[PDB]
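Trainee: For the first sequence, PDB author numbering gives the first residue as 11, with consecutive numbering after it. Sharing a structure with you now.
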Amino acid sequence: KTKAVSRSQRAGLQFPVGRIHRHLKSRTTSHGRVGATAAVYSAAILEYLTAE
DNA sequence: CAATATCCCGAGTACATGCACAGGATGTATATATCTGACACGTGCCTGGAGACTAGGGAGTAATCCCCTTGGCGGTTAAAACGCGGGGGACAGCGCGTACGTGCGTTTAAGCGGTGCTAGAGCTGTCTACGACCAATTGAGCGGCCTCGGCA
């Protein structure tokens, strides 16, 4: 019980790391969506919404 | 008519294929399971219908010459065919990676309770952007003034 610190702010990102995990699991994916692979995927989505 | 070529038919030709075999891993088979979602029930919305009217557009025509279309153009190479060069083709082996097996232990999923992030709320509450209109500018064409070249 020490408050909470969202996975977005821990990563350094403005896109929602939690929401995207829960979207990847229950996509047409196989049965194991590692958590470090929702951070290298909020990033390589937010990067277009900068570069575009 | 002559000639190069494609077509056609039979001999002779390795191996490819279809098969039989051993055997192993998985498809079946039964019992159990909850829960997906089927189904049933209303909720409330928009999809649709249905009218009146302007004004924008659409259709039409008319005139016409631009552009396409055609013929005939003159100019130069891809094709034809040959000579001619080297290069794609067929064997000997090394060991390095790939696989595969072993035991490597990292992380996720789940179920837990707490809580703050977000996404529907407003007439929010305005005021960027949206017309509406004005004004400037350039460019083009038409008059008008003025030296000089070819003709009496």
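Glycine included, every Cβ here is placed at the ideal spot set by N, Cα and C.
#1: Taking only three categories from DSSP, how would you classify residue 39?
#2: With a threshold of 16 other CB atoms inside 10 Å of the CB of residue 16, please say whether the residue is buried or exposed.
#3: Could you have a look at residue 14 and say whether DSSP puts it in helix, strand or coil?
#4: Rounded to the nearest angstrom, what separates residue 53 and residue 27 at their Cα positions?
#5: Given a cut-off of 7 Å on the beta-carbon distance, is the pair residue 4 and residue 34 in contact?
Mentor: In brief:
#1: Against the first sequence, residue 39 aligns to sequence position 29. DSSP places residue 39 in coil when its eight states are reduced to three.
#2: Taking the first residue of the first sequence as 1, we reach residue 16 at position 6. Exposed.
#3: Within the first sequence, the letter at position 4 stands for residue 14. Coil, per DSSP.
#4: The residue you call residue 53 lines up with position 43 of the first sequence. The residue you call residue 27 lines up with position 17 of the first sequence. Their backbone Cα atoms lie some 9 Å apart in a straight line.
#5: Because the chain spans 11 through 62 in this model, residue 4 falls outside it and cannot be assessed.
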